[PDB]
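Here's the structure we're looking at; comments come further down.
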Amino acid sequence: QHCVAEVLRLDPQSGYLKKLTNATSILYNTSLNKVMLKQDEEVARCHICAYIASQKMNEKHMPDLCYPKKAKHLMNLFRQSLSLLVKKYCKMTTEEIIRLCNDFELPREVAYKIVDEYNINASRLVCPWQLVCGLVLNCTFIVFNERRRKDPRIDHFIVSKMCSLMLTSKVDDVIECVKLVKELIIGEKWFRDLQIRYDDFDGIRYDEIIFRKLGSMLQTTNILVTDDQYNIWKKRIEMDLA
Amino acid sequence: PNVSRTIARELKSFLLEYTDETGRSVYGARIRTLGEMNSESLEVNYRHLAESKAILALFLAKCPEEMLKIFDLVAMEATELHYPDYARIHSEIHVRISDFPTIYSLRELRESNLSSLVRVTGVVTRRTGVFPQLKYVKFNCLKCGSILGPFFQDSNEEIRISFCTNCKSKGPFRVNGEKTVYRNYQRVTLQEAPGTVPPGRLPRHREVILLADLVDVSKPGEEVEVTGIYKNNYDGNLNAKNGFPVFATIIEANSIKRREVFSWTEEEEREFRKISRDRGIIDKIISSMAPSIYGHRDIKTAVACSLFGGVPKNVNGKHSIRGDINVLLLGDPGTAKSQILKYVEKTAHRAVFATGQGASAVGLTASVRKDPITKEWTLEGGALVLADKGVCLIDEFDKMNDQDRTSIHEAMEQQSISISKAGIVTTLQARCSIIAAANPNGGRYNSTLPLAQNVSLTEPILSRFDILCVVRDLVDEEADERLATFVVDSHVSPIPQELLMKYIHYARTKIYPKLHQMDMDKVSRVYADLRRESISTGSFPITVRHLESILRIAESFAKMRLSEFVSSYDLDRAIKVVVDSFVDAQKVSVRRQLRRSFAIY
Amino acid sequence: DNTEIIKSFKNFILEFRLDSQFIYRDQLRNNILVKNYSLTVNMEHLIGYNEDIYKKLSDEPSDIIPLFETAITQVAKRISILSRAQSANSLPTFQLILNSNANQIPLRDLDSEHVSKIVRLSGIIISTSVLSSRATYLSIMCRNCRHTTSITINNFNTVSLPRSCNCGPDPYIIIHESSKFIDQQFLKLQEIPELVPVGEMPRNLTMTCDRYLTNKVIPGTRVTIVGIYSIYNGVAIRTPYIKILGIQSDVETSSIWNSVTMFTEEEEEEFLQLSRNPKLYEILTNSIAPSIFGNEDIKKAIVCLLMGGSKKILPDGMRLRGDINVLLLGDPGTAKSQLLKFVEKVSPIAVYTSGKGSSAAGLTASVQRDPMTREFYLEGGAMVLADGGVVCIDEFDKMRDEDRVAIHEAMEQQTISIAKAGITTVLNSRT
Ligand SMILES: Nc1ncnc2c1ncn2[C@@H]1O[C@H](COP(=O)(O)OP(=O)(O)O)[C@@H](O)[C@H]1O
Ligand SMILES: Nc1ncnc2c1ncn2[C@@H]1O[C@H](COP(=O)(O)OP(=O)(O)O)[C@@H](O)[C@H]1O
Ligand SMILES: [Zn+2]
Ligand SMILES: [Zn+2]
């Protein structure tokens, strides 16, 4: 039942969940009662089980359910028993770029946004590797400012990652990949919502920069260090005896 | 059949609204007790859902190992509405059954009966292992450094995978024992009851598997009732079948018992103290010790002192004293010598009936022994070893060689064994109570000689015996009149023995009653008295060994009465015992000691 | 995350203290002078300091342990350089050691639950099999590419060699002379024979250990241990075993001739107060048998005896027996048995017997052979167990003649000899 609920709640990755666990139960039951249905490794035995249980209740969905040789076999058997940017004009899918975005373990909402961007504005293109590259980079720089604000060892590792995920030794093209999308995507309300959420504004806060730029000297350029820093740095030399 | 819909709703109806008498939902108690208990199992009486509807039992009988599928999940259902997060903790539930009327032997099994409910009788012997095997599986892959998800395992096969979620690669696979989850598996032997193997025939035997966290609920020598199922075993390597192609058969059994843990409650000890303190239990002790034979009271009394054990002490961890009591009986075999000791084995706590060679449990020593299973070297000890707190019985003490005698000598000497063999060196605690018997040379005792002169025993272990009791031919008419009447009526006040062992179990725990130096220099007096009176007409002496023993008897009777400390007018009993012990142990010359040493009576 | 736990752990190293004195900090500072690369630990000391590691080390220990190992090595690396800067390249992982006393659970009450967790227990020892080795760091060259690489392993003394770096499968030789290894052994256990059912033989269990948790133990030594109920490989089944992570022995059970010889200093001063009293002899006579009466003259010999005498050697080899020989003689009572019971207690490393040899006890060397390889080994002896000690006997009367002879030779030269078929012995009694 644990494994049943596991594989059944593996579909997302009201009446649905209930009726589907009941379905898989009595389905597996019917399939194992008689002596007719054998040599079926339990390795895989809760999948077109789940697909036909989708087919049964009320509404069914061909996509995102089967997601192979024996998949067809067992189906019939049960059903009877009952570089990257020089490349010109490439093509992509939903899950291709879900992969290239989920490699950073970023959320799926940002990915859906880049997907919407694409399927509306993937029309007039030369190469979508550039656009989606720049997109997910300017997702990373905006959401990952904290860890980077304290760890400048990150910005080399990250750019190195996407330099070789798309197979180049030259990188200034990637720099352009970022600034051009930033020129493009600059002013949409959803981009706006993300900037108020994760608070980069060029990577710097609002309540600081406005005094940086309106015309002030109270502007806190933190050359000096904060108090808790020293409060914890002192422990390193406390035990200096050893 | 896809009638799991009707079947499930109606069996859960049964499970929930069951009412039999006073509108009693008996199984609500079961499940709530289960959840209270972190329990993994639950029982369901077959007789009542069988009373209501028996095609329950039919769709069971066609494939009962598939009748399971609804019931285990239904247990979780009832469980979580009364115990959320139980399904979190206990991954799965097993069930148990009771009260099935059909009977088969271990031989009566026919092909028409298998793959159905089976109920047998027999005995559990040769218990092997509580080994673990799998129920949930995950992996360590090589082409990727990652895992598999969770997977339940069938009742009849291993598992192996060639697909991977990253690619269709049949890379090297290995299970992650360092993370997986397991359950309890036993292989058990089971044999028929020899009390009913009919004339001439032999008893067949079978093999049994025990699961569901019910392992080690059995021990060798128990009558058992496994109800279960039955089937073959396609265990591979089968194409090498000569003769006809015919296969073994094995039970999977669910329910289990032992019929066909002693301890004290508040009132159980309340009554103990009530009776212990009220007016001299001990007459009723010897009235209720062992009614096997009418026999005689004196040696019963001696061994009653041998029962309880006294108190040991050390003078700040030196000059130890033995608290536990010894005995030695002897006399003609015509009377009951090998009866009451086995009774005591039946009546004590952590007693033993060992023996010499022939019809013995063990050889009364310890040794580097093999084992039939897998050559497990082990260190068994003589039954002396087992009851280092308790007692060790023996019969036919005489019938022993050099070393099996030296061992018991060592025991009653320094209460510890030593071993110097086999890459192993050690001593133990042998502070056991000794009992024994033997056979005199010539049947009769040879009244006209002393002890060591009559029986060919040696003294140095003989000295440890505070008691050496003897009888002989009892020749008068009344002997016949009583013993023949009893032994024929065998085929024509005293308290339960359960209470008596529960009393000793209550006694060796609590009471270490003391002795007050109030008038004890009478010890010094009467000792010096009779130690001179001994030379006055006797040959051998009496020695402080006896005195120490009388003190141990005094504290013995203190534990018996359960009083707080020594009483004065029971030292009379102790010393009278040792007195009339030395009386019968000697020549007819002692017949003057009969008159001399009675004033101490 | 894991580094949060690492710091919660490493603060316990140098920021723990009780009785106003650092404990483990200077313990390490000592251990490193010892060149030990390990420590000792209590886990009772961690419960009050911090609860962020206990409830998770419990149920996922192996997930947490090598972390502690690496933390330890981290602390080592600073303090190594700092102490080199103070006074006066290759620093492997340090085996951790620990113990506990929370409880003891027996083999009988186990089940197939709480598996891979940690458990506490009692038992008795048998095995001293062999120093079986494992690897820790071993270099690899390919036979065709000549492509050097390297591997190191950590705990499990999971993966194998690389299947491909054409060279084909199995392209790799293992170099030894620049490889590294460690030792373990296979150690058994079995329960208290006094706490068992009346009927059946007992159940034992194996275990494994490593570098400095090795060779601590010799059989008969009752010991308590804590470990992890691990697994390796009827229908489908894996063998239950255990991984050690804590051993504790009684300090010295059955008397070891390799005993202590370097006593403390505080005791010297009272020792020499007792050296310089004139009442020395009379006190010893008042106290060797305090619950015992008379026979002052008899008690006045034992002190002549236990201290031995003139070990005197001469340039031929005809030594003189440094000790003395004695014989009580008399009746029941008269304390002839009680002193003898006592003397082992006062004794440091001596032995007691009855006559004829006792149960499973050779009164002299009862030699036999090996259960494995059927080879010769000097086994035992009540006269050589106690080398450099006294021996206590009762019932000297009923000897066997063969038993009496060698003992009859000891008391004037104290050296047994056995020259049976293949083995030729001169084993020193000195008792
Ligand atoms: N007083 C008695 N009442 C009933 N049965 C007796 C009595 N005395 C002896 N017997 C029977 O005779 C047997 C005597 O056996 P025992 O002398 O103990 O054999 P052994 O001497 O070999 O131990 C007992 O088993 C018992 O059943
Ligand atoms: N000289 C003595 N003084 C006091 N108590 C003794 C003396 N001799 C023996 N006992 C006591 O009498 C008991 C008998 O022991 P012991 O006489 O040593 O054995 P045995 O009688 O076999 O030689 C012991 O419990 C001991 O404490
Ligand atoms: Zn793979
Ligand atoms: Zn190669």
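Cβ coordinates were reconstructed from backbone atoms using ideal geometry, including for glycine residues, and neighbour counts include every protein chain displayed. FYI, it's all coordinate maths here, none of it is from the lab.
Answer with yes or no whether C:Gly168 is facing another protein chain (nearest Cβ under 10 Å), among the small types (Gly, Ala, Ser) and either assigned to a loop (DSSP other than H, G, I, E, B) or within 16 Å of ligand 4 (Cβ to nearest atom) (or both). So C:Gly168 fails the test. Against the criterion of being within 16 Å of ligand 3 (Cβ to nearest atom) and farther than 30 Å from B:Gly221 by Cβ, C:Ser164 qualifies. Looking at the stretch B:369-377, is at least one residue more than 27 Å from B:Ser549 (Cα to Cα) and crowded, with 20+ Cβ neighbours inside 10 Å? Looking for residues that are more than 27 Å from B:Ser549 (Cα to Cα) and crowded, with 20+ Cβ neighbours inside 10 Å, one finds none in the stretch B:369-377, hence no. You will find that of B:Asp480, B:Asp473, the residue that is surrounded by 12 or more Cβ atoms within 10 Å (Cβ to Cβ), within 14 Å of ligand 1 (Cβ to nearest atom) and not small (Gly, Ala, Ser) is B:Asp473 and no other. For the stretch A:198-226, a tally of residues being farther than 25 Å from A:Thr140 by Cα and assigned to a loop (DSSP other than H, G, I, E, B) returns 11. Selection of first residues in the stretch C:132-150 that are β-branched (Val, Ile, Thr) and of second residues that are within 16 Å of ligand 3 (Cβ to nearest atom), restricted to Cβ pairs under 9 Å at least 6 apart or on distinct chains, gives the following pairs, ordered by first then second residue: C:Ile140/C:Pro162; C:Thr149/C:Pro162. Would the stretch C:21-43 turn up any residue that is part of a helix (DSSP H, G or I), surrounded by fewer than 14 Cβ atoms within 10 Å (Cβ to Cβ) and of a type in the set (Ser, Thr, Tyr)? No, there is no match, as no residue in the stretch C:21-43 is part of a helix (DSSP H, G or I), surrounded by fewer than 14 Cβ atoms within 10 Å (Cβ to Cβ) and of a type in the set (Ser, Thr, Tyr).
The number of residues in the stretch B:153-162 being more than 13 Å from chain C (Cβ to nearest Cβ) and crowded, with 16+ Cβ neighbours inside 10 Å comes to 1. Within the stretch A:111-150, track down each residue that is part of a loop (DSSP other than H, G, I, E, B) and surrounded by fewer than 13 Cβ atoms within 10 Å (Cβ to Cβ). A:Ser123, A:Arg124, A:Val126, listed by residue number. Quickly run through the stretch C:359-378 and pick out the residues that are outside any strand (DSSP E or B) and closer than 23 Å to C:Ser417 by Cβ. Selection gives C:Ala361, C:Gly362, C:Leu363, C:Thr364, C:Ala365, C:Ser366, C:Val367, C:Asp370, C:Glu375, C:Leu378. The number of residues in the stretch B:540-574 that are away from ligand 2 (no atom under 16 Å from the Cβ) and part of a helix (DSSP H, G or I) comes to 11.
Would you confirm, using the coordinates I've provided, whether B:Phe71 is surrounded by 14 or more Cβ atoms within 10 Å (Cβ to Cβ), out of contact with any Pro (no Cβ under 8 Å at 6 or more places or on another chain) and within 23 Å of B:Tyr185 (Cα to Cα)?
The answer is yes for B:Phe71.
Among residues of the stretch C:139-162 being within 14 Å of ligand 4 (Cβ to nearest atom) and within 13 Å of chain B (Cβ to nearest Cβ), the one that is surrounded by the fewest Cβ atoms within 10 Å (Cβ to Cβ) is C:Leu161.
The number of residues in the stretch C:302-345 that are loosely packed, with under 14 Cβ neighbours inside 10 Å and under 28 Å from B:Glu459 (Cβ atoms) comes to 7.
Entry remark, the stretch C:229-260: residues being part of a loop (DSSP other than H, G, I, E, B) and of a type outside the set (A, V, I, L, M, F, W, C) number 13 in total. Within this structure, B:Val523 fails the test of being surrounded by 14 or more Cβ atoms within 10 Å (Cβ to Cβ), farther than 15 Å from B:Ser276 by Cβ and away from ligand 2 (no atom under 16 Å from the Cβ).
Considering only the stretch B:316-348, state which residues are within 16 Å of ligand 1 (Cβ to nearest atom), among the small types (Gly, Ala, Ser) and out of contact with any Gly (no Cβ under 8 Å at 6 or more places or on another chain).
B:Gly331, B:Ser338
From the list B:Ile299, B:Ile340, B:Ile285, exactly one residue is over 30 Å from B:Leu515 (Cα atoms) and either β-branched (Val, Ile, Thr) or touching a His at 6+ places or on another chain (Cβ under 7 Å) (or both). Which is it? One residue alone meets the criteria, B:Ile340. Looking only at the stretch B:80-107, residues that are hydroxyl-bearing (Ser, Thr, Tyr) and surrounded by 15 or more Cβ atoms within 10 Å (Cβ to Cβ) come to 4 in all. Being surrounded by 10 or more Cβ atoms within 10 Å (Cβ to Cβ), farther than 18 Å from B:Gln586 by Cα, more than 16 Å from ligand 4 (Cβ to nearest atom) and not acidic (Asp, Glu): is that true of B:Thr485 here? It is true that B:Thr485 is surrounded by 10 or more Cβ atoms within 10 Å (Cβ to Cβ), farther than 18 Å from B:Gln586 by Cα, more than 16 Å from ligand 4 (Cβ to nearest atom) and not acidic (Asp, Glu). Here is the figure for the stretch B:342-372: residues that are outside any loop (DSSP other than H, G, I, E, B) and farther than 27 Å from B:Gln497 by Cβ total 3.
The residues of the stretch B:204-224 that are assigned to a strand (DSSP E or B) and away from chain C (no Cβ under 14 Å), listed by number, are B:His205, B:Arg206, B:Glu223, B:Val224. For the stretch B:131-150, the set of residues classified as closer than 25 Å to C:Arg108 by Cα and either within 7 Å of another protein chain (Cβ to nearest Cβ) or loosely packed, with under 15 Cβ neighbours inside 10 Å (or both) consists of B:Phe131, B:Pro132, B:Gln133, B:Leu134, listed by residue number.
Taken across the stretch C:376-384, residues that are more than 10 Å from every other protein chain (Cβ to nearest Cβ) and surrounded by 19 or more Cβ atoms within 10 Å (Cβ to Cβ) do occur, with at least one present. Residue count for the stretch B:312-336 satisfying the condition of being away from ligand 2 (no atom under 14 Å from the Cβ), crowded, with 19+ Cβ neighbours inside 10 Å and either within 14 Å of chain C (Cβ to nearest Cβ) or within 29 Å of the chain's Cα centre (by Cα) (or both): 4. Tallying residues that are more than 8 Å from chain B (Cβ to nearest Cβ) and buried (at least 17 other Cβ atoms within 10 Å of the Cβ) within the stretch A:23-46 yields 6. Taken over the stretch A:1-22, the criterion of being aliphatic (A, V, I, L, M) and within 11 Å of chain B (Cβ to nearest Cβ) is satisfied by A:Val4, A:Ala5, A:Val7, A:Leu10.
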